[PDB]
Amino acid sequence: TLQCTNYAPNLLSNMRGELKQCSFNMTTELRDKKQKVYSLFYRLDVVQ
Amino acid sequence: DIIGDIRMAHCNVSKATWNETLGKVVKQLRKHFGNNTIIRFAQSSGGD
Amino acid sequence: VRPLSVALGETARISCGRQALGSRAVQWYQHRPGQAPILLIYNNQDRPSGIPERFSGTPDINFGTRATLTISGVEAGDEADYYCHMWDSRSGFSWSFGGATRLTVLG
Amino acid sequence: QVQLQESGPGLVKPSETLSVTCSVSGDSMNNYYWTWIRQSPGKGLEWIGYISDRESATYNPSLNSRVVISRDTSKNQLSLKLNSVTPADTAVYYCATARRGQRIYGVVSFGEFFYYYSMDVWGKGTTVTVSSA
Ligand SMILES: *[C@@H]1O[C@H](CO)[C@@H](O[C@@H]2O[C@H](CO)[C@@H](O[C@@H]3O[C@H](CO[C@H]4O[C@H](CO)[C@@H](O)[C@H](O)[C@@H]4O)[C@@H](O)[C@H](O[C@H]4O[C@H](CO)[C@@H](O)[C@H](O)[C@@H]4O[C@H]4O[C@H](CO)[C@@H](O)[C@H](O)[C@@H]4O)[C@@H]3O)[C@H](O)[C@H]2NC(C)=O)[C@H](O)[C@H]1NC(C)=O
Ligand SMILES: *[C@@H]1O[C@H](CO)[C@@H](O[C@@H]2O[C@H](CO)[C@@H](O)[C@H](O)[C@H]2NC(C)=O)[C@H](O)[C@H]1NC(C)=O
Ligand SMILES: *[C@@H]1O[C@H](CO)[C@@H](O)[C@H](O)[C@H]1NC(C)=O
Ligand SMILES: *[C@@H]1O[C@H](CO)[C@@H](O)[C@H](O)[C@H]1NC(C)=O
Ligand SMILES: *[C@@H]1O[C@H](CO)[C@@H](O)[C@H](O)[C@H]1NC(C)=O
């Protein structure tokens, strides 16, 4: 599950609805430890 | 992330030589449809 | 509100503490206490008529540099507080000005 | 050439209406944009709002829309109105003009630009204080 919001707010150009900034968890090499990460995605690959 | 300026990817094409190319290809196309028939181009229809 | 002190004669280099991000387009004002604010530099290179050629900012080419104001030939009246009004492409419409850097010439 | 001169009541008790005008002399207000500046002691400068030929009273959202912009081209004046005022706004006010410059940095067909306002001609300013006593 991705917790995610819009990146680059209050922008008045054409490119607004793209560039969402999400955050998720992911396992590391130790299977008992987990990891937090920040990343970006375009609009056409995420769905609420 | 983004270092710099949010922009939008695009493509250019030289205007005059594209028009001349379309004017050439419609001259070759008229050999199957008499001399005077209205030829019109249009956008795509649908699909993915 | 922050101070700075430069002795007589030599140059002085002031830069505003807001981190610029994008294409820069800044202004520099000057406000003596009690008097009226005057403009010094607009559009990072230009200059209105009536200002001597001892005031020079930074040309905004090849992104990655800090905007700063350099003055040369300092004198006694150069005591007023300065301002770095800032505009970019990303941060949208601004409203504030920022903290004034107080110049205190000595000699 | 544009010259500025102010007019204010000076000493008004709080929870009232504060109206301060600036007089425009020398030229008209056909293309010039008009702003207002507040300078309170114990802090830096502060910018209030502006207006243009389309008469957009655009306000600072840190001011709770307690102020009203008023222009007059029939008799060449500008007017402020301040409603539901505080005792904590004793400050010299300023009526200065501003021009609009654009800066385009990508393509023009995508709206890939922004606007900036530069304030070149300034007023001498007048002091207006509020006091419960
Ligand atoms: C596909 O085809 C499109 C066709 O539209 C093409 O778009 C063009 O893209 C370029 C790249 O962004 C745009 O170029 C900009 O041009 C403006 C124009 O300003 C002056 O220039 C001309 C004459 O040169 C005048 O006619 C005009 O009225 C203006 O006087 C420039 O302002 C831009 O440069 C500034 O910003 C850059 C980034 O910040 C800086 O690198 C640059 O140096 C300038 O910054 C500062 O430089 C000056 C140096 O002294 C300084 O004094 C200034 O104050 C300034 O702040 C930028 O070059 C162009 O406008 C687009 N065309 C249109 C119609 O919009 C695509 O590039 C093309 N793509 C491909 C891949 O082919
Ligand atoms: C990472 O997984 C954790 C595991 O549930 C998620 O958040 C936790 O939520 C509980 C209850 O709200 C908190 O007490 C924990 O502190 C949270 N932990 C973390 C690491 O956030 C969380 O949704 C996941 N993180 C992301 C970014 O997806
Ligand atoms: C496209 O890029 C080439 C790269 O060599 C350049 O010569 C040309 O002027 C550009 N523009 C057009 C319209 O072909
Ligand atoms: C395209 O090229 C023709 C040349 O046959 C010219 O007459 C015309 O003005 C050009 N432009 C358009 C939009 O048809
Ligand atoms: C169309 O017109 C051309 C004019 O050069 C003529 O030679 C040709 O025979 C015509 N074709 C038809 C199918 O009418």
# chains A, B, ... in the order shown; residues from 1 in each chain; ligands from 1
$ residues_near_ligand --ligand "ligand 5" --cutoff "7 Å" --atoms "only C-alpha atoms and all ligand atoms" --output "MDAnalysis selection string"
chainID B and resid 31:35
$ residues_near_ligand --ligand "ligand 3" --cutoff "8 Å" --atoms "only C-alpha atoms and all ligand atoms" --output "JSON, numbers by chain"
{"B": [12, 13, 14, 15]}
$ closest_atom_pairs --of "chain D" --to "chain C" --cutoff "8 Å" --atoms "only C-alpha atoms" --output "JSON lines"
{"residue": "D:44", "atom": "CA", "partner": "C:99", "partner_atom": "CA", "distance": 6.7}
{"residue": "D:45", "atom": "CA", "partner": "C:97", "partner_atom": "CA", "distance": 7.0}
{"residue": "D:46", "atom": "CA", "partner": "C:96", "partner_atom": "CA", "distance": 6.4}
{"residue": "D:47", "atom": "CA", "partner": "C:95", "partner_atom": "CA", "distance": 6.6}
{"residue": "D:60", "atom": "CA", "partner": "C:95", "partner_atom": "CA", "distance": 7.1}
{"residue": "D:105", "atom": "CA", "partner": "C:23", "partner_atom": "CA", "distance": 7.8}
{"residue": "D:113", "atom": "CA", "partner": "C:89", "partner_atom": "CA", "distance": 7.1}
{"residue": "D:114", "atom": "CA", "partner": "C:89", "partner_atom": "CA", "distance": 6.7}
{"residue": "D:116", "atom": "CA", "partner": "C:87", "partner_atom": "CA", "distance": 7.0}
{"residue": "D:118", "atom": "CA", "partner": "C:42", "partner_atom": "CA", "distance": 7.5}
{"residue": "D:119", "atom": "CA", "partner": "C:39", "partner_atom": "CA", "distance": 7.3}
{"residue": "D:120", "atom": "CA", "partner": "C:39", "partner_atom": "CA", "distance": 5.7}
{"residue": "D:121", "atom": "CA", "partner": "C:38", "partner_atom": "CA", "distance": 7.7}
{"residue": "D:122", "atom": "CA", "partner": "C:36", "partner_atom": "CA", "distance": 6.6}
{"residue": "D:123", "atom": "CA", "partner": "C:36", "partner_atom": "CA", "distance": 6.4}
{"residue": "D:124", "atom": "CA", "partner": "C:36", "partner_atom": "CA", "distance": 5.5}
{"residue": "D:125", "atom": "CA", "partner": "C:36", "partner_atom": "CA", "distance": 7.4}
$ write_last_selection --atoms "N, CA, C and O atoms" --output "compact mmCIF listing (two decimals), in the first residue's frame"
# COMPACT_ATOMS: atom_id res chain seq x y z
N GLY D 44 10.64 43.43 10.21
CA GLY D 44 11.00 43.90 8.89
C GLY D 44 9.82 44.49 8.15
O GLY D 44 8.79 44.86 8.73
N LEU D 45 9.98 44.59 6.83
CA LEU D 45 8.92 45.13 6.00
C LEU D 45 7.81 44.10 5.81
O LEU D 45 7.96 42.92 6.13
N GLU D 46 6.69 44.56 5.28
CA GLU D 46 5.56 43.68 5.03
C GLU D 46 4.74 44.24 3.88
O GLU D 46 4.43 45.43 3.83
N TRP D 47 4.39 43.36 2.95
CA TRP D 47 3.65 43.72 1.75
C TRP D 47 2.21 43.26 1.90
O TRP D 47 1.95 42.18 2.43
N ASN D 60 -3.10 39.35 0.85
CA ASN D 60 -2.24 38.42 1.55
C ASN D 60 -3.10 37.51 2.42
O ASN D 60 -3.84 38.00 3.28
N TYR D 105 10.95 30.96 -19.71
CA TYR D 105 12.15 30.16 -19.58
C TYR D 105 12.09 28.84 -20.31
O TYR D 105 13.13 28.20 -20.49
N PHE D 113 6.01 29.77 -17.56
CA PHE D 113 6.56 31.05 -17.15
C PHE D 113 5.86 31.49 -15.88
O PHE D 113 5.03 30.76 -15.32
N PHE D 114 6.19 32.69 -15.43
CA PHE D 114 5.57 33.27 -14.25
C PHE D 114 5.71 34.78 -14.34
O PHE D 114 6.34 35.32 -15.26
N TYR D 116 6.42 38.61 -12.13
CA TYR D 116 7.06 39.23 -10.99
C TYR D 116 6.74 40.71 -10.99
O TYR D 116 6.58 41.33 -12.05
N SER D 118 7.85 44.53 -9.70
CA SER D 118 8.97 45.34 -9.25
C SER D 118 8.47 46.74 -8.92
O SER D 118 7.71 47.34 -9.68
N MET D 119 8.90 47.26 -7.78
CA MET D 119 8.35 48.47 -7.18
C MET D 119 9.41 49.55 -7.22
O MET D 119 10.29 49.62 -6.36
N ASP D 120 9.33 50.42 -8.23
CA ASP D 120 10.41 51.37 -8.50
C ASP D 120 10.17 52.75 -7.87
O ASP D 120 11.07 53.33 -7.27
N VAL D 121 8.96 53.28 -8.00
CA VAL D 121 8.65 54.61 -7.50
C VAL D 121 7.91 54.47 -6.18
O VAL D 121 6.91 53.76 -6.10
N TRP D 122 8.40 55.15 -5.15
CA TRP D 122 7.96 54.96 -3.78
C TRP D 122 7.45 56.27 -3.20
O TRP D 122 7.69 57.35 -3.74
N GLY D 123 6.73 56.15 -2.08
CA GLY D 123 6.21 57.30 -1.38
C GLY D 123 7.03 57.62 -0.13
O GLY D 123 7.82 56.81 0.36
N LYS D 124 6.82 58.83 0.38
CA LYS D 124 7.55 59.25 1.58
C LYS D 124 6.96 58.64 2.84
O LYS D 124 7.66 58.53 3.85
N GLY D 125 5.69 58.24 2.81
CA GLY D 125 5.07 57.54 3.92
C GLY D 125 4.64 58.43 5.07
O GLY D 125 5.28 59.44 5.36
$ residues_near_ligand --ligand "ligand 4" --cutoff "10 Å" --atoms "only C-alpha atoms and all ligand atoms" --output "ChimeraX atom specification"
/B:15-24
$ write_last_selection --atoms "C-alpha atoms" --output "JSON list (two decimals), in the first residue's frame"
[["chain", "number", "residue", "atom", "x", "y", "z"],
["B", 15, "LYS", "CA", 7.17, 23.30, -40.41],
["B", 16, "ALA", "CA", 7.71, 24.13, -44.07],
["B", 17, "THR", "CA", 9.21, 20.83, -45.21],
["B", 18, "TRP", "CA", 6.45, 18.84, -43.51],
["B", 19, "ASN", "CA", 3.79, 20.82, -45.34],
["B", 20, "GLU", "CA", 5.64, 20.27, -48.62],
["B", 21, "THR", "CA", 5.83, 16.56, -47.86],
["B", 22, "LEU", "CA", 2.08, 16.37, -47.30],
["B", 23, "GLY", "CA", 1.52, 18.32, -50.50],
["B", 24, "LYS", "CA", 3.65, 15.83, -52.38]]
$ interface_residues --of "chain A" --to "chain C" --cutoff "9 Å" --atoms "only C-alpha atoms" --output "PyMOL selection string"
chain A and resi 8-12
$ write_last_selection --atoms "N, CA and C atoms" --output "PDB file, in the first residue's frame"
ATOM      1  N   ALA A   8       5.576  18.878  -5.924  1.00  0.00           N
ATOM      2  CA  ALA A   8       5.571  20.228  -6.474  1.00  0.00           C
ATOM      3  C   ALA A   8       4.175  20.855  -6.460  1.00  0.00           C
ATOM      4  N   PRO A   9       3.677  21.264  -5.294  1.00  0.00           N
ATOM      5  CA  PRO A   9       2.386  21.958  -5.262  1.00  0.00           C
ATOM      6  C   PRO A   9       2.521  23.396  -5.727  1.00  0.00           C
ATOM      7  N   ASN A  10       1.411  24.141  -5.651  1.00  0.00           N
ATOM      8  CA  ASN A  10       1.176  25.530  -6.070  1.00  0.00           C
ATOM      9  C   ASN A  10       1.900  25.935  -7.355  1.00  0.00           C
ATOM     10  N   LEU A  11       1.931  25.025  -8.320  1.00  0.00           N
ATOM     11  CA  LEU A  11       2.584  25.242  -9.598  1.00  0.00           C
ATOM     12  C   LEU A  11       1.533  25.603 -10.632  1.00  0.00           C
ATOM     13  N   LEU A  12       1.819  26.620 -11.435  1.00  0.00           N
ATOM     14  CA  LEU A  12       0.842  27.165 -12.362  1.00  0.00           C
ATOM     15  C   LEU A  12       1.135  26.802 -13.807  1.00  0.00           C
TER      16      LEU A  12
END
$ atom_distance --atom1 "CA of residue 42 in chain D" --atom2 "CA of residue 68 in chain C"
25.9 Å
$ interface_residues --of "chain B" --to "chain C" --cutoff "12 Å" --atoms "only C-alpha atoms" --output "ChimeraX atom specification"
/B:2-7
$ atom_distance --atom1 "CA of residue 102 in chain C" --atom2 "CA of residue 58 in chain C"
20.6 Å
$ interface_residues --of "chain D" --to "chain A" --cutoff "7 Å" --atoms "only C-alpha atoms" --output "compact mmCIF listing (two decimals) with N, CA, C and O atoms, in the first residue's frame"
# COMPACT_ATOMS: atom_id res chain seq x y z
N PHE D 110 3.05 26.21 -23.36
CA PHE D 110 2.68 25.38 -22.23
C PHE D 110 2.45 26.20 -20.97
O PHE D 110 2.29 25.62 -19.89
N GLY D 111 2.44 27.52 -21.08
CA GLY D 111 2.30 28.37 -19.91
C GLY D 111 3.52 28.32 -19.01
O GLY D 111 3.40 28.53 -17.80
N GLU D 112 4.68 28.04 -19.58
CA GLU D 112 5.87 27.70 -18.81
C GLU D 112 6.64 28.96 -18.41
O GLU D 112 7.76 29.21 -18.85
$ closest_atom_pairs --of "chain A" --to "ligand 2" --cutoff "8 Å" --atoms "only C-alpha atoms and all ligand atoms" --output "JSON lines"
{"residue": "A:1", "atom": "CA", "partner": "ligand 2", "partner_atom_place_in_ligand_line": "28 (O)", "distance": 6.6}
{"residue": "A:2", "atom": "CA", "partner": "ligand 2", "partner_atom_place_in_ligand_line": "28 (O)", "distance": 5.9}
{"residue": "A:3", "atom": "CA", "partner": "ligand 2", "partner_atom_place_in_ligand_line": "28 (O)", "distance": 6.0}
{"residue": "A:23", "atom": "CA", "partner": "ligand 2", "partner_atom_place_in_ligand_line": "27 (C)", "distance": 4.5}
{"residue": "A:24", "atom": "CA", "partner": "ligand 2", "partner_atom_place_in_ligand_line": "28 (O)", "distance": 3.4}
{"residue": "A:25", "atom": "CA", "partner": "ligand 2", "partner_atom_place_in_ligand_line": "28 (O)", "distance": 4.6}
{"residue": "A:34", "atom": "CA", "partner": "ligand 2", "partner_atom_place_in_ligand_line": "1 (C)", "distance": 7.9}
{"residue": "A:35", "atom": "CA", "partner": "ligand 2", "partner_atom_place_in_ligand_line": "20 (C)", "distance": 7.6}
{"residue": "A:36", "atom": "CA", "partner": "ligand 2", "partner_atom_place_in_ligand_line": "27 (C)", "distance": 5.7}
{"residue": "A:37", "atom": "CA", "partner": "ligand 2", "partner_atom_place_in_ligand_line": "27 (C)", "distance": 6.8}
{"residue": "A:38", "atom": "CA", "partner": "ligand 2", "partner_atom_place_in_ligand_line": "27 (C)", "distance": 7.8}
$ select_by_dssp --residues "chain A" --states "strand (DSSP E or B)" --output "ChimeraX atom specification"
/A:3-6,20-27,34-41
$ residues_around --residues "residue 11 in chain C" --least-positions-apart "6" --cutoff "7 Å" --atoms "only C-alpha atoms" --output "list in words"
residues 71, 72, 73 and 74 of chain C
$ write_last_selection --atoms "N, CA and C atoms" --output "compact mmCIF listing (two decimals), in the first residue's frame"
# COMPACT_ATOMS: atom_id res chain seq x y z
N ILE C 71 29.32 45.33 -3.72
CA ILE C 71 29.49 46.77 -3.84
C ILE C 71 30.98 47.07 -3.71
N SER C 72 31.42 48.14 -4.35
CA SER C 72 32.79 48.60 -4.26
C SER C 72 32.82 50.09 -4.00
N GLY C 73 33.88 50.55 -3.34
CA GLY C 73 33.99 51.94 -2.98
C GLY C 73 32.96 52.34 -1.94
N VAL C 74 33.02 51.71 -0.77
CA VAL C 74 32.03 51.97 0.26
C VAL C 74 32.27 53.33 0.88
$ residues_around --residues "residue 56 in chain D" --least-positions-apart "3" --cutoff "12 Å" --atoms "only C-alpha atoms" --output "PyMOL selection string"
chain D and resi 33-35+49-53+59+68-71
$ write_last_selection --atoms "N, CA and C atoms" --output "short mmCIF file (atom, residue, chain, number, x, y, z; two decimals), in the first residue's frame"
data_model
loop_
_atom_site.label_atom_id
_atom_site.label_comp_id
_atom_site.auth_asym_id
_atom_site.auth_seq_id
_atom_site.Cartn_x
_atom_site.Cartn_y
_atom_site.Cartn_z
N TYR D 33 0.43 49.62 -11.80
CA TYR D 33 -0.18 48.79 -10.77
C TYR D 33 0.20 49.37 -9.41
N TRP D 34 -0.71 49.25 -8.46
CA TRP D 34 -0.62 50.01 -7.22
C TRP D 34 -0.66 49.08 -6.02
N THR D 35 0.31 49.25 -5.12
CA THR D 35 0.48 48.37 -3.98
C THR D 35 0.47 49.17 -2.69
N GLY D 49 -0.99 44.08 -0.46
CA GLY D 49 -1.78 43.64 -1.59
C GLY D 49 -1.58 44.58 -2.75
N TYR D 50 -2.36 44.36 -3.80
CA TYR D 50 -2.22 45.18 -4.99
C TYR D 50 -3.55 45.24 -5.72
N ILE D 51 -3.55 45.99 -6.82
CA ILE D 51 -4.72 46.12 -7.67
C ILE D 51 -4.20 46.47 -9.06
N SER D 52 -5.03 46.25 -10.07
CA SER D 52 -4.61 46.47 -11.45
C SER D 52 -5.79 47.06 -12.22
N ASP D 53 -5.67 47.08 -13.54
CA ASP D 53 -6.71 47.63 -14.41
C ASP D 53 -7.95 46.75 -14.47
N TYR D 59 -5.39 39.79 -1.89
CA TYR D 59 -4.96 40.01 -0.52
C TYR D 59 -3.98 38.95 -0.06
N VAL D 68 -9.55 46.39 2.85
CA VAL D 68 -10.29 46.63 1.62
C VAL D 68 -9.49 47.60 0.76
N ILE D 69 -9.31 47.26 -0.51
CA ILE D 69 -8.63 48.12 -1.48
C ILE D 69 -9.68 48.94 -2.22
N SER D 70 -9.40 50.23 -2.38
CA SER D 70 -10.31 51.12 -3.07
C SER D 70 -9.53 52.06 -3.97
N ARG D 71 -9.89 52.08 -5.25
CA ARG D 71 -9.25 52.96 -6.22
C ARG D 71 -10.28 53.94 -6.75
#
$ residues_around --residues "residue 126 in chain D" --least-positions-apart "6" --cutoff "9 Å" --atoms "only C-alpha atoms" --output "list in words"
residues 5, 6, 7, 8, 10, 91, 92, 93 and 94 of chain D
$ closest_residue --among "B:40, B:8, B:29, B:1" --to "chain D" --atoms "only C-alpha atoms"
B:8
$ closest_atom_pairs --of "chain C" --to "ligand 1" --cutoff "7 Å" --atoms "only C-alpha atoms and all ligand atoms" --output "CSV"
residue,atom,partner,partner_atom_place_in_ligand_line,distance
C:23,CA,ligand 1,39 (O),5.1
C:43,CA,ligand 1,54 (O),5.6
C:44,CA,ligand 1,54 (O),6.4
C:45,CA,ligand 1,52 (O),6.1
C:59,CA,ligand 1,50 (O),6.3
C:60,CA,ligand 1,46 (C),5.5
C:61,CA,ligand 1,43 (O),5.1
C:62,CA,ligand 1,41 (O),6.4
$ atom_distance --atom1 "CA of residue 55 in chain D" --atom2 "CA of residue 41 in chain C"
28.5 Å
$ residues_around --residues "residue 73 in chain D" --least-positions-apart "6" --cutoff "10 Å" --atoms "only C-alpha atoms" --output "list in words"
residues 28, 29 and 30 of chain D
